[PDB]
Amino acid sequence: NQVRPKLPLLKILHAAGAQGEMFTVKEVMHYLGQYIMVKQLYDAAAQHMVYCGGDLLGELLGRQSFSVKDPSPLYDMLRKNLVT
């Protein structure tokens, strides 16, 4: 089954190379991960920390950094930005 990202998350996925408007959740997670990797946002020495600053992802989350080990805020953003 596919989900439809809402516009602010869709821009992020497109920035990471996603094409189109409909994706499986695994595909959403792949492209959102790709955004973080290709923009080198994770800390190379503490790779669960993501420093997004004021980029699209930091604006969407309302935070300049987050930890993949504490994913509640990510899951909140994903809930609000994926139409199942």
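For every residue, the number given is its place in the sequence shown, counted from 1.
Ranked against its chain, the third holding the CA B-factor of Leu56: Its C-alpha B-factor belongs to the middle third of this chain's values.
Once the chain's modelled residues are ordered by C-alpha B factor and cut into thirds, is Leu74 in the lowest, middle or highest one? Middle third.
Going by the CA temperature factor in the PDB record, which third of the chain does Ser67 belong to: lowest, middle or highest? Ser67: CA B-factor falls in the middle third of its chain.
Split the chain's modelled residues into thirds by Cα B-factor; is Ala16 in the lowest, middle or highest one? For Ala16, the deposited C-alpha B-factor lands in the highest third.
CA B-factor ranking of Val38, expressed as a third of its chain: For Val38, whose C-alpha B-factor we compare with every modelled residue in the chain, the answer is the highest third.
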